[PDB]
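Engineer: Take a look at upload-v6.cif, mmCIF, C-alpha atoms:
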data_run
loop_
_atom_site.label_atom_id
_atom_site.label_comp_id
_atom_site.auth_asym_id
_atom_site.auth_seq_id
_atom_site.Cartn_x
_atom_site.Cartn_y
_atom_site.Cartn_z
CA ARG A 179 -41.76 -0.60 12.60
CA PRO A 180 -42.77 -2.44 9.34
CA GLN A 181 -41.98 -5.88 10.98
CA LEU A 182 -45.21 -5.62 13.05
CA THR A 183 -47.19 -5.70 9.71
CA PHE A 184 -45.28 -8.88 8.63
CA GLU A 185 -47.56 -11.89 7.91
CA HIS A 186 -44.63 -14.04 9.12
CA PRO A 187 -42.43 -12.75 12.06
CA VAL A 188 -38.61 -12.89 11.44
CA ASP A 189 -36.55 -15.73 13.06
CA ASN A 190 -33.36 -14.05 14.43
CA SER A 191 -31.95 -17.13 16.27
CA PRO A 192 -28.36 -18.37 15.62
CA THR A 193 -29.61 -21.19 13.30
CA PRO A 194 -28.52 -21.53 9.62
CA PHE A 195 -30.85 -19.85 7.06
CA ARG A 196 -33.48 -22.23 5.62
CA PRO A 197 -35.15 -20.79 2.49
CA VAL A 198 -38.91 -21.05 1.89
CA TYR A 199 -39.47 -20.36 -1.83
CA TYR A 200 -41.88 -20.59 -4.79
CA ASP A 201 -41.25 -21.96 -8.29
CA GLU A 202 -42.60 -20.58 -11.65
CA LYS A 203 -45.89 -22.50 -11.09
CA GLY A 204 -46.41 -20.68 -7.76
CA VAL A 205 -45.78 -23.91 -5.76
CA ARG A 206 -44.32 -23.49 -2.20
CA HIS A 207 -41.09 -25.36 -1.30
CA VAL A 208 -38.96 -25.69 1.85
CA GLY A 209 -35.22 -25.59 1.09
CA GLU A 210 -32.14 -26.82 3.02
CA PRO A 211 -29.56 -24.81 5.03
CA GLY A 212 -26.38 -24.02 3.03
CA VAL A 213 -28.12 -25.09 -0.25
CA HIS A 214 -29.07 -22.60 -2.98
CA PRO A 215 -32.33 -24.24 -4.27
CA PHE A 216 -31.81 -23.13 -7.88
CA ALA A 217 -28.05 -24.04 -8.06
CA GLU A 218 -28.61 -26.94 -10.52
CA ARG A 219 -30.94 -24.87 -12.79
CA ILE A 220 -28.53 -21.82 -12.91
CA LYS A 221 -25.48 -24.06 -13.64
CA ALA A 222 -27.48 -25.84 -16.45
CA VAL A 223 -28.78 -22.54 -18.06
CA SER A 224 -27.39 -20.82 -21.18
CA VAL A 225 -27.29 -17.09 -21.99
CA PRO A 226 -30.01 -16.31 -24.69
CA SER A 227 -28.06 -16.23 -28.02
CA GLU A 228 -29.79 -12.92 -29.12
CA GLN A 229 -28.18 -11.23 -26.04
CA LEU A 230 -24.65 -12.16 -27.30
CA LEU A 231 -25.00 -10.32 -30.70
CA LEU A 232 -23.83 -6.77 -31.50
CA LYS A 233 -27.02 -4.64 -31.41
CA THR A 234 -27.86 -0.91 -31.66
CA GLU A 235 -28.62 0.60 -28.26
CA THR A 236 -32.21 1.57 -27.23
CA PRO A 237 -31.87 4.97 -25.48
CA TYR A 238 -33.51 5.69 -22.13
CA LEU A 239 -36.87 7.48 -22.23
CA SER A 240 -37.60 11.03 -21.10
CA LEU A 241 -38.30 11.32 -17.36
CA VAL A 242 -41.01 13.92 -18.30
CA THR A 243 -43.23 11.53 -20.37
CA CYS A 244 -42.01 8.04 -19.25
CA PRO A 245 -44.84 6.12 -17.52
CA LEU A 246 -44.13 5.44 -13.85
CA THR A 247 -46.37 3.05 -11.86
CA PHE A 248 -46.30 2.66 -8.07
CA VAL A 249 -47.26 -0.95 -7.21
CA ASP A 250 -48.54 -1.64 -3.69
CA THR A 251 -51.33 -4.28 -4.05
CA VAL A 252 -51.30 -8.05 -4.99
CA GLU A 253 -53.43 -7.47 -8.19
CA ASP A 254 -51.07 -4.64 -9.30
CA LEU A 255 -48.05 -6.90 -8.61
CA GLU A 256 -49.59 -9.72 -10.73
CA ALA A 257 -50.45 -7.25 -13.55
CA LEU A 258 -46.77 -6.09 -13.39
CA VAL A 259 -45.45 -9.73 -13.50
CA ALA A 260 -47.40 -10.32 -16.80
CA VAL A 261 -45.99 -7.09 -18.35
CA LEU A 262 -42.43 -8.24 -17.39
CA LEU A 263 -43.08 -11.67 -19.04
CA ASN A 264 -43.25 -9.94 -22.51
CA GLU A 265 -39.70 -8.41 -22.12
CA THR A 266 -36.31 -9.95 -23.06
CA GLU A 267 -34.43 -7.74 -20.55
CA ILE A 268 -35.44 -5.76 -17.43
CA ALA A 269 -33.42 -3.51 -15.07
CA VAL A 270 -33.81 -4.17 -11.35
CA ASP A 271 -32.67 -2.45 -8.12
CA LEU A 272 -33.70 -2.62 -4.44
CA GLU A 273 -33.81 -0.22 -1.46
CA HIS A 274 -33.14 -1.70 2.02
CA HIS A 275 -33.28 -0.99 5.80
CA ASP A 276 -30.73 -2.24 8.33
CA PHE A 277 -30.79 -0.01 11.47
CA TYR A 278 -34.15 -1.00 13.12
CA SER A 279 -33.88 -4.66 12.10
CA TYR A 280 -31.46 -7.44 13.10
CA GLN A 281 -31.05 -9.07 9.66
CA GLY A 282 -32.43 -6.06 7.83
CA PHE A 283 -35.17 -6.06 5.20
CA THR A 284 -35.89 -4.96 1.64
CA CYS A 285 -38.08 -1.83 1.47
CA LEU A 286 -38.58 -1.21 -2.26
CA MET A 287 -37.92 -2.85 -5.62
CA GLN A 288 -37.50 -0.74 -8.75
CA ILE A 289 -37.99 -2.18 -12.24
CA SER A 290 -37.50 -0.55 -15.61
CA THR A 291 -38.46 -1.92 -19.03
CA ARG A 292 -37.64 -0.30 -22.41
CA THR A 293 -41.09 1.45 -22.30
CA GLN A 294 -41.76 2.24 -18.62
CA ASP A 295 -40.70 2.26 -14.96
CA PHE A 296 -42.19 0.55 -11.87
CA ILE A 297 -41.72 0.99 -8.11
CA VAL A 298 -42.78 -1.98 -6.00
CA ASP A 299 -43.75 -1.60 -2.36
CA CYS A 300 -41.87 -4.65 -0.86
CA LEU A 301 -43.28 -3.82 2.52
CA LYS A 302 -46.96 -3.70 1.58
CA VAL A 303 -46.71 -6.76 -0.74
CA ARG A 304 -43.87 -8.55 1.23
CA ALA A 305 -45.98 -11.74 1.62
CA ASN A 306 -46.78 -11.78 -2.16
CA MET A 307 -43.33 -11.14 -3.69
CA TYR A 308 -43.02 -14.92 -4.49
CA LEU A 309 -45.37 -14.12 -7.47
CA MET A 310 -42.32 -12.60 -9.21
CA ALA A 311 -40.61 -16.08 -9.38
CA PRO A 312 -41.78 -16.69 -13.08
CA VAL A 313 -39.93 -13.46 -14.13
CA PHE A 314 -36.78 -13.97 -12.02
CA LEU A 315 -36.58 -17.73 -12.99
CA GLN A 316 -37.31 -17.10 -16.73
CA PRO A 317 -34.06 -17.87 -18.64
CA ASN A 318 -35.16 -15.87 -21.73
CA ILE A 319 -35.44 -12.66 -19.69
CA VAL A 320 -32.16 -11.02 -18.74
CA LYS A 321 -32.33 -9.32 -15.27
CA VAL A 322 -29.89 -6.39 -15.29
CA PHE A 323 -28.70 -5.16 -11.87
CA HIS A 324 -25.87 -2.74 -11.05
CA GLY A 325 -23.64 -4.18 -8.28
CA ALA A 326 -25.94 -7.05 -7.22
CA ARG A 327 -23.91 -8.71 -4.35
CA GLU A 328 -26.34 -7.52 -1.57
CA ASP A 329 -29.43 -7.65 -3.85
CA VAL A 330 -28.94 -11.36 -4.58
CA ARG A 331 -28.85 -12.01 -0.81
CA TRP A 332 -31.77 -9.66 0.05
CA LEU A 333 -34.11 -11.31 -2.54
CA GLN A 334 -33.47 -14.65 -0.82
CA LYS A 335 -33.77 -13.51 2.81
CA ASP A 336 -36.99 -11.55 2.26
CA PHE A 337 -38.84 -13.24 -0.59
CA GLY A 338 -37.29 -16.60 -1.60
CA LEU A 339 -36.42 -14.96 -5.00
CA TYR A 340 -33.56 -16.22 -7.24
CA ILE A 341 -32.11 -14.83 -10.51
CA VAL A 342 -31.76 -17.05 -13.60
CA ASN A 343 -29.64 -15.06 -16.13
CA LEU A 344 -28.42 -12.19 -14.04
CA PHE A 345 -26.32 -9.54 -15.79
CA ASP A 346 -24.38 -7.26 -13.42
CA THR A 347 -23.35 -3.95 -15.09
CA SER A 348 -20.84 -3.23 -12.26
CA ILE A 349 -19.03 -6.56 -13.05
CA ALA A 350 -19.00 -5.46 -16.77
CA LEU A 351 -17.26 -2.15 -15.79
CA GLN A 352 -14.71 -3.97 -13.49
CA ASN A 353 -13.87 -6.39 -16.40
CA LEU A 354 -13.32 -3.38 -18.75
CA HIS A 355 -10.90 -2.01 -16.06
CA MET A 356 -12.97 1.08 -15.49
CA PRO A 357 -14.90 2.89 -12.64
CA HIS A 358 -18.01 0.93 -11.69
CA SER A 359 -20.41 2.84 -9.36
CA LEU A 360 -24.01 3.43 -10.54
CA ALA A 361 -23.58 7.25 -10.51
CA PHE A 362 -20.42 6.81 -12.69
CA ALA A 363 -22.23 4.60 -15.32
CA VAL A 364 -25.21 6.96 -15.62
CA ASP A 365 -22.97 10.04 -15.85
CA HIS A 366 -20.48 8.36 -18.29
CA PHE A 367 -23.05 6.97 -20.73
CA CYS A 368 -26.11 9.21 -20.23
CA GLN A 369 -24.45 12.46 -18.98
CA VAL A 370 -27.01 12.54 -16.08
CA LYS A 371 -25.87 13.29 -12.48
CA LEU A 372 -27.68 11.03 -10.02
CA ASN A 373 -28.86 12.55 -6.71
CA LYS A 374 -26.43 11.41 -3.92
CA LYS A 375 -28.68 12.58 -0.98
CA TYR A 376 -31.04 9.52 -0.74
CA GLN A 377 -28.68 6.46 -0.70
CA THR A 378 -28.76 6.56 3.18
CA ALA A 379 -32.48 7.62 3.53
CA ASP A 380 -35.14 5.75 5.61
CA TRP A 381 -36.85 3.56 2.98
CA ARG A 382 -39.44 2.31 5.52
CA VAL A 383 -41.34 5.64 5.35
CA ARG A 384 -44.79 5.72 3.76
CA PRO A 385 -45.89 7.68 1.79
CA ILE A 386 -42.65 7.88 -0.17
CA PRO A 387 -42.04 11.64 -0.86
CA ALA A 388 -41.70 12.76 -4.53
CA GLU A 389 -37.86 13.26 -4.28
CA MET A 390 -37.45 9.64 -3.07
CA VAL A 391 -39.90 8.37 -5.79
CA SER A 392 -37.65 10.20 -8.34
CA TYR A 393 -34.45 8.76 -6.70
CA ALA A 394 -35.88 5.19 -6.82
CA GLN A 395 -37.06 5.51 -10.45
CA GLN A 396 -33.67 6.94 -11.68
CA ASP A 397 -31.67 3.96 -10.24
CA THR A 398 -33.21 1.68 -12.98
CA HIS A 399 -34.45 4.17 -15.67
CA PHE A 400 -31.01 4.39 -17.42
CA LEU A 401 -29.78 0.84 -16.67
CA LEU A 402 -30.98 -0.89 -19.87
CA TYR A 403 -29.24 1.75 -22.07
CA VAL A 404 -26.08 1.33 -19.90
CA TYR A 405 -26.49 -2.45 -20.41
CA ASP A 406 -26.61 -1.98 -24.28
CA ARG A 407 -23.49 0.30 -24.20
CA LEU A 408 -21.46 -2.12 -21.95
CA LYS A 409 -22.43 -5.06 -24.25
CA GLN A 410 -20.93 -3.20 -27.27
CA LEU A 411 -17.71 -2.38 -25.31
CA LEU A 412 -17.35 -6.00 -24.11
CA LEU A 413 -17.76 -7.39 -27.67
CA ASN A 414 -15.23 -4.69 -28.84
CA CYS A 415 -12.43 -6.22 -26.65
CA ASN A 423 -15.40 -13.48 -25.46
CA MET A 424 -15.48 -10.72 -22.80
CA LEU A 425 -19.35 -10.41 -23.02
CA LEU A 426 -19.77 -14.17 -22.20
CA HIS A 427 -17.15 -13.81 -19.38
CA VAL A 428 -19.28 -11.07 -17.73
CA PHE A 429 -22.48 -13.19 -18.05
CA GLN A 430 -20.39 -16.04 -16.45
CA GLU A 431 -19.15 -13.89 -13.55
CA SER A 432 -22.74 -12.52 -12.99
CA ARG A 433 -24.05 -16.18 -12.92
CA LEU A 434 -21.47 -17.01 -10.19
CA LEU A 435 -22.86 -14.01 -8.21
CA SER A 436 -26.45 -15.35 -8.67
CA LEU A 437 -25.21 -18.65 -7.07
CA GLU A 438 -24.33 -16.81 -3.85
CA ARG A 439 -26.51 -17.52 -0.84
CA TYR A 440 -27.93 -15.33 1.85
CA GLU A 441 -26.71 -16.39 5.34
CA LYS A 442 -28.02 -15.07 8.69
CA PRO A 443 -25.70 -12.66 10.63
CA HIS A 444 -23.10 -14.87 12.35
CA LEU A 445 -22.39 -14.27 16.10
CA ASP A 446 -19.15 -15.90 17.22
CA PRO A 447 -19.14 -15.59 21.06
CA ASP A 448 -15.31 -16.08 21.08
CA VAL A 449 -14.46 -13.80 18.04
CA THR A 450 -17.14 -11.20 16.78
CA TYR A 451 -16.52 -8.77 19.73
CA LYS A 452 -12.76 -8.51 18.73
CA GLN A 453 -13.72 -7.82 15.06
CA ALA A 454 -16.01 -4.93 16.11
CA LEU A 455 -13.97 -3.44 18.98
CA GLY A 456 -10.54 -3.91 17.28
CA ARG A 457 -7.78 -1.52 18.49
CA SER A 458 -10.16 0.00 21.13
CA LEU A 459 -9.47 -3.15 23.30
CA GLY A 460 -5.91 -1.96 24.05
CA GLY A 461 -5.33 -0.39 27.48
CA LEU A 462 -7.80 -2.79 29.16
CA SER A 463 -7.22 -5.01 32.21
CA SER A 464 -8.36 -8.70 32.06
CA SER A 465 -11.60 -7.83 33.89
CA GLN A 466 -12.35 -4.94 31.47
CA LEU A 467 -11.72 -7.33 28.54
CA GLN A 468 -14.17 -9.88 30.08
CA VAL A 469 -16.76 -7.07 30.46
CA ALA A 470 -16.16 -5.91 26.82
CA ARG A 471 -16.91 -9.48 25.52
CA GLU A 472 -19.96 -10.16 27.74
CA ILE A 473 -21.60 -6.72 27.03
CA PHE A 474 -20.99 -7.31 23.28
CA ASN A 475 -22.48 -10.85 23.44
CA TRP A 476 -25.44 -9.56 25.46
CA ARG A 477 -25.89 -6.70 22.89
CA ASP A 478 -26.16 -9.24 20.06
CA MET A 479 -28.69 -11.42 22.01
CA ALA A 480 -30.83 -8.34 22.90
CA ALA A 481 -30.62 -7.19 19.23
CA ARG A 482 -32.03 -10.59 18.08
CA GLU A 483 -34.88 -10.43 20.63
CA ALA A 484 -35.84 -6.79 19.83
CA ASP A 485 -35.33 -7.42 16.08
CA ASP A 486 -33.04 -4.37 16.01
CA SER A 487 -29.49 -4.03 14.69
CA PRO A 488 -26.81 -4.28 17.51
CA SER A 489 -26.18 -0.50 16.87
CA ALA A 490 -29.86 0.30 17.61
CA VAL A 491 -29.54 -1.53 20.98
CA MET A 492 -26.32 0.27 22.05
CA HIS A 493 -23.60 2.22 20.17
CA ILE A 494 -20.24 0.36 19.87
CA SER A 495 -18.50 3.11 22.02
CA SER A 496 -21.08 2.43 24.79
CA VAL A 497 -19.84 -1.21 24.93
CA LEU A 498 -16.29 0.14 25.42
CA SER A 499 -17.53 2.75 27.92
CA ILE A 500 -19.07 0.06 30.19
CA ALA A 501 -15.93 -2.12 29.89
CA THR A 502 -13.59 0.85 30.73
CA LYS A 503 -15.60 2.67 33.43
CA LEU A 504 -17.06 -0.57 35.04
CA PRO A 505 -20.42 1.07 36.20
CA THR A 506 -21.73 -0.38 39.52
CA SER A 507 -25.23 1.30 39.70
CA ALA A 508 -28.16 1.36 37.17
CA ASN A 509 -27.68 5.17 36.65
CA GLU A 510 -23.93 4.79 35.92
CA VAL A 511 -24.82 2.03 33.35
CA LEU A 512 -27.45 4.39 31.81
CA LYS A 513 -24.78 7.16 31.49
CA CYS A 514 -22.37 4.88 29.48
CA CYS A 515 -25.25 3.76 27.14
CA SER A 516 -26.42 7.30 26.05
CA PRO A 517 -28.55 7.46 23.77
CA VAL A 518 -30.44 4.88 25.90
CA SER A 519 -32.56 2.37 23.95
CA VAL A 520 -35.65 0.63 25.42
CA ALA A 521 -33.70 -2.73 25.27
CA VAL A 522 -30.96 -1.22 27.54
CA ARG A 523 -33.41 0.60 29.91
CA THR A 524 -35.57 -2.54 30.41
CA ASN A 525 -32.46 -4.78 30.91
CA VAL A 526 -30.25 -2.29 32.91
CA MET A 527 -30.07 -4.79 35.87
CA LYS A 528 -28.68 -7.54 33.56
CA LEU A 529 -25.95 -5.14 32.21
CA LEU A 530 -25.22 -4.19 35.84
CA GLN A 531 -24.98 -7.92 36.79
CA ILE A 532 -22.39 -8.46 33.96
CA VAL A 533 -20.19 -5.72 35.50
CA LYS A 534 -20.76 -6.97 39.11
CA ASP A 535 -19.63 -10.55 38.25
CA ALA A 536 -16.32 -9.13 36.90
CA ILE A 537 -15.22 -6.56 39.56
CA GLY A 538 -12.74 -7.59 42.33
CA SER A 539 -10.70 -10.79 41.92
CA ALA A 540 -11.72 -13.30 39.18
#
Could the structure of this file be written out as structure tokens, please?
Structural biologist:
Amino acid sequence: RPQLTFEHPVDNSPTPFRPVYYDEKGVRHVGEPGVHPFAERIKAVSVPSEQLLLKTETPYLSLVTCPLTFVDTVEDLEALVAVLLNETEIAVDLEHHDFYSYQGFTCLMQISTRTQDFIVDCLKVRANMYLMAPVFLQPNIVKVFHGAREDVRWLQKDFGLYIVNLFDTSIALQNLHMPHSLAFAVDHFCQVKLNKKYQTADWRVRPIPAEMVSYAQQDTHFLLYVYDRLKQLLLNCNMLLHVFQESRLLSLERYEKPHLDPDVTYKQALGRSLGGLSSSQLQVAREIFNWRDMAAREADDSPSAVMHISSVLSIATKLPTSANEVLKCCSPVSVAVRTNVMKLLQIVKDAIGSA
């Protein structure tokens, strides 16, 4: 559980997200709920004019001789931040974990420059990621991401990081009316087939095995060449400025804590599976689901790690009236369920017979 190594424990309560963030001077600020703290700066920022010209592409380097650095200390992160400050464009991607965490957390950050690749250990330097704010806030540095919707949110949630002059290569492909996955872009422009196998891997594991180091590196390694090729296609249709505009709108999106609606969320997750239930089974479905979300917040686990969705329906349908019967419905039994089996049993007991 990486959370136990966190310098700051995660607040999972149903309270709007309040961002704590650092500026380019490394000064700490406390933001406001529902307010993106860099909204005024992003809306007042121009695209660097050199980025809007037709330029020859810089091809990706060889994976055999391209320098790759694994960054997992503060000093190595700071050294990396100064290297990035001498670039006009960098390619960024993130790896994330959502099963054994309520809100989820970023596990790894990958960065490529025209001359080298970097892999940042977000877990080991979680508390120090704010040091990247001069790079992410620098308007003269374009930050290239491929399909950044979740990334934009993750950077906020975990590190108080915000992107000034984001360029999203997936938005470029959508605007050119063409396929837009990362694997597609790399195969279309570079004729390289990306390894599918590690998209759903456990990015919390340390050490990272060689195959996963290679997977992480290859997600950014070809992105600046892809960026150059999409720029030429957009100027060949101002479609290039439109894509920078759409990407800026995406950078204005805000992270918001998972939203539990005690009157609605259960229906959204159980959908059609609520048909065939009596009024008391429906009451049990709702209360088990609302309990599952509360217990998920407390354990800092996703609701699925507390109890599978079918287990919620199983309790509702079967109406277990003993701890063992409740344990049968909940298989595979989590610690959260085993420790609170009497509470789940009380939920069922308060609903059987006449209401």
Engineer: Would you pick out the contacts of stretch 219-234 of chain A at 9 Å or less, using only C-alpha atoms, so that residues sharing its chain but fewer than 6 positions from it are not included, and give the list as a VMD selection string?
Structural biologist: chain A and resid 266 317 to 320 341 to 343 406 to 407 409 to 410 413 425 to 426 429 to 430 433 to 434 436 to 437
Engineer: I would like the residues chosen by the PyMOL selection byres ((chain A and resi 369-381) around 12) on the shown file; could you give them as JSON, numbers by chain?
Structural biologist: {"A": [179, 180, 238, 240, 241, 272, 273, 274, 275, 276, 277, 278, 282, 283, 284, 285, 286, 287, 299, 300, 301, 359, 360, 361, 362, 363, 364, 365, 366, 367, 368, 382, 383, 384, 385, 386, 387, 388, 389, 390, 391, 392, 393, 394, 395, 396, 397, 398, 399, 400, 404]}
Engineer: Using all atoms listed in the file, which residue out of A:208, A:298, A:498, A:303 lies closest to residue A:461?
Structural biologist: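 So, comparing all the options, the nearest one is A:498.
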Engineer: Of the candidates A:255, A:339, A:182, A:459, which shows the shortest atom-to-atom distance to residue A:497, using all atoms listed in the file?
Structural biologist: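 The closest residue to residue A:497 is A:459.
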Engineer: Work out how far apart atom CA of residue A:269 and atom CA of residue A:291 are and give it in Å to one decimal.
Structural biologist: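 A separation of 6.6 Å between them.
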Engineer: Could you spell out the hits of the PyMOL selection byres ((chain A and resi 196) around 10) on the shown file, as a PyMOL selection string?
Structural biologist: chain A and resi 193-195+197-199+208-214+334-335+338+440-442
Engineer: Between atom CA of residue A:324 and atom CA of residue A:454, what distance in Å does the model show, to one decimal?
Structural biologist: 29.0 Å
Engineer: Step by step, work through what the PyMOL selection byres ((chain A and resi 502) around 9) selects in the shown file, and finish by giving those residues as a list in words.
Structural biologist: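 Output from the PyMOL selection byres ((chain A and resi 502) around 9), applied to this file: residues 461, 462, 463, 466, 467, 469, 470, 497, 498, 499, 500, 501, 503, 504 and 505 of chain A.
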Engineer: Once you have the residues from the selection above, write them out as a PDB file, in the frame of the given file, restricted to C-alpha atoms.
Structural biologist:
ATOM      1  CA  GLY A 461      -5.330  -0.390  27.480  1.00  0.00           C
ATOM      2  CA  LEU A 462      -7.800  -2.790  29.160  1.00  0.00           C
ATOM      3  CA  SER A 463      -7.220  -5.010  32.210  1.00  0.00           C
ATOM      4  CA  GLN A 466     -12.350  -4.940  31.470  1.00  0.00           C
ATOM      5  CA  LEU A 467     -11.720  -7.330  28.540  1.00  0.00           C
ATOM      6  CA  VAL A 469     -16.760  -7.070  30.460  1.00  0.00           C
ATOM      7  CA  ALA A 470     -16.160  -5.910  26.820  1.00  0.00           C
ATOM      8  CA  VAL A 497     -19.840  -1.210  24.930  1.00  0.00           C
ATOM      9  CA  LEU A 498     -16.290   0.140  25.420  1.00  0.00           C
ATOM     10  CA  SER A 499     -17.530   2.750  27.920  1.00  0.00           C
ATOM     11  CA  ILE A 500     -19.070   0.060  30.190  1.00  0.00           C
ATOM     12  CA  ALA A 501     -15.930  -2.120  29.890  1.00  0.00           C
ATOM     13  CA  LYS A 503     -15.600   2.670  33.430  1.00  0.00           C
ATOM     14  CA  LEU A 504     -17.060  -0.570  35.040  1.00  0.00           C
ATOM     15  CA  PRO A 505     -20.420   1.070  36.200  1.00  0.00           C
TER      16      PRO A 505
END
Engineer: Counting only C-alpha atoms, what is within 12 Å of residue A:515, bar same-chain residues fewer than 6 positions away, as a list in words?
Structural biologist: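 Using only C-alpha atoms, the neighbours found are residues 473, 477, 489, 490, 491, 492, 493, 494, 495, 496, 497, 498, 499, 500, 501, 503, 505, 508, 509, 521, 522, 523, 525, 526, 529 and 530 of chain A.
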Engineer: Find the distance between atom CA of residue A:534 and atom CA of residue A:483 and write it in Å to one decimal.
Structural biologist: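 Straight-line distance from atom CA of residue A:534 to atom CA of residue A:483 works out to 23.5 Å.
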Engineer: Centre and edge lengths, as AutoDock Vina command-line options, for the axis-aligned box enclosing every listed atom of stretch 299-308 of chain A with 5 Å of padding on each of the six sides, in Å to one decimal?
Structural biologist:
--center_x -44.4 --center_y -8.3 --center_z -1.0 --size_x 15.1 --size_y 23.3 --size_z 17.0
Engineer: List every protein, DNA or RNA residue that has an atom no more than 8 Å from (-15.8, -7.5, -16.7) in the file's coordinate frame, counting only C-alpha atoms, and report them as a PyMOL selection string.
Structural biologist: chain A and resi 348-355+412+424-425+427-428+431
Engineer: Write out as a PyMOL selection string which residues come within 12 Å of residue A:445 when counting all atoms listed in the file, dropping same-chain ones fewer than 2 positions away.
Structural biologist: chain A and resi 190-194+280-281+441-443+447-454+471+474-479+481-482+488
Engineer: Got a sec: who's within 9 Å of residue A:236, counting all atoms listed in the file, leaving out chain neighbours fewer than 5 positions off, as a PyMOL selection string?
Structural biologist: chain A and resi 292+402-403+406
Engineer: Pick from A:512, A:244, A:455, A:309: nearest to residue A:257, with all atoms listed in the file counted?
Structural biologist: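 Result for the nearest residue to residue A:257: A:309.
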